[PDB]
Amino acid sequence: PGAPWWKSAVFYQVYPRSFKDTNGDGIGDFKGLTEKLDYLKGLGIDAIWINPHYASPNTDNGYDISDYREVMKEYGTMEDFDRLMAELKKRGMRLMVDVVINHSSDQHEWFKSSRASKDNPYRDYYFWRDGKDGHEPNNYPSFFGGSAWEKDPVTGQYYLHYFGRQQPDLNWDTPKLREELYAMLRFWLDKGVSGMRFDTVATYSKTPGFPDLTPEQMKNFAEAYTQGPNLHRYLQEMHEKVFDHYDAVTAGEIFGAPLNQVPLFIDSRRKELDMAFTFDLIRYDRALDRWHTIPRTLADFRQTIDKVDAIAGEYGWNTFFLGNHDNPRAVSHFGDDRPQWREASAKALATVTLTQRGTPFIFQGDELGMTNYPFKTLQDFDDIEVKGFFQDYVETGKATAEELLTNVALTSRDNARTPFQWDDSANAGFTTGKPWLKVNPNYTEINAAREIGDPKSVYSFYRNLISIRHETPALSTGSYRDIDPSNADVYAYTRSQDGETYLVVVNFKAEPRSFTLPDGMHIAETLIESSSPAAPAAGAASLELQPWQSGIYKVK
């Protein structure tokens, strides 16, 4: 039997708002993305996942949808969307769209109807509840600041919003609402979309009665929000009424759930989702408050990967990524972005990304080695999440504005949202106008035009790794074995399939290091290396590594 196309595909994530502007308003759009499909095809990309592209007031840049069947005005028209799909198809590429159905915008007609009175047909499309003891229904906090309950004087009741106040949570306990969501998914699937990524998929089911979270639960309320008693029943119902009738791949952003529960979402036999986006690795060094960083080592990094790979088991499947639109830049976060180590470490991280067991997702700009942005003031951030941290921590006196800036500069989602750096023209060729978010001044040294023309660039390395992965089945669907989970200097593992075994060795130190192959194992051939002055000799039982050197070898 063969493995589904998605298990061996290499995905690229495009945050439209920041990819390519073609009309000078400072915001990326569909025409811009369509104009760059040859660029993506040339890198070797099989499929693209685009962030929300629907009608939205943009309080959470696309994640607050006011009409699920209309395109976002800033990105273009439905015609532009249809052309994007037609052009991807001409190139044999597939599209994965973002599905945001844990909540809608408060400007969605369902909510405008719902909030108008206590007795209308849409009242239960959301959660409305009486306050208690003079305040909110319970102690639930919002990820974006303050309480997760907002009072509406029209009826005197509060509505639930785990995220922004303008993102009321949809009520999955209402069958008519579930059916409306299913019809909506069919609208897009009928257009030919090849994949759907389910935004905060683990929070759909709410706890009956809304009791207060205990003091312990309050510490990590994100986890309690993924413990709704009807979650899997709803996901299985969605698969039965929708996905069982199409051949689209589904992936879930499983935010907040304990890793041990992940199999329930992805075991193929359960007929729920196909792939998992987990946060254990990308948030492995993030404090519970989400804006401070905790020092970790490569031992923590690889041990987390080992735990995540183990939960996919036999019937599950993981996506793998080191960056996305909600986290700091890969090279800054996991590598060393200083001028002298940025390219070397970005290449090392590329080797890791493209040799993990699972479907890799490359975030726009990481193939160039883009870095975090040098924020100078709190006003340099656009993200509603930072305004939420200001509300919860600075206005409350828990931290100073200076402390928030210092710390959130290293963790903010905005680090990943600065405009893609195409070349060294005005605003790195992203726009002819004024970018919605400032372009990183390092675009003069980090830009696609320059990378493409240099065989020694980060871009060229990614391109070469993608080709290698495409020609080596073991590198996608092969088994995974960490040679030494306790080693905090050099990351080494094997990928094996049908008697073929490959060894990946990556030095995470900016100093020379040595690596001794497992007893009986010997280098047979060197497929590729980064930052190496010479490949090992056939038969070698050890390797000498330069700072940040990475390599993939066929062993015997």
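Don't overthink the numbering: it's just position in the shown sequence, from 1.
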Seminar exercise, completed: Stretch with higher mean Cα temperature factor, 202-210 vs 231-239, is 202-210
Seminar exercise, completed: Of 7-15 vs 532-540, the stretch with the larger average CA B-factor in the entry is 532-540
Exercise. Per the PDB entry, which option out of 175, 134, 397, 323 has the greatest Cα B factor?
Worked result: 134
Seminar exercise, completed: Among 366, 471, 98, 337, the highest C-alpha B-factor in the PDB entry belongs to 471
Exercise. So where's residue 52 on the chain's Cα temperature factor ranking, which third?
Worked result: lowest
Problem set entry | Lowest, middle or highest third - CA B-factor, residue 444 | highest
Exercise. According to the PDB entry, is the CA B factor of residue 60 in the bottom, middle or top third of its chain, that is, lowest, middle or highest?
Worked result: lowest
Seminar exercise, completed: So, residue 304's CA B-factor, relative to its chain, sits in which third? The middle
For this session: Can you work out whether the C-alpha temperature factor of residue 140 puts it in the lowest, middle or highest third of the chain?
Result: middle
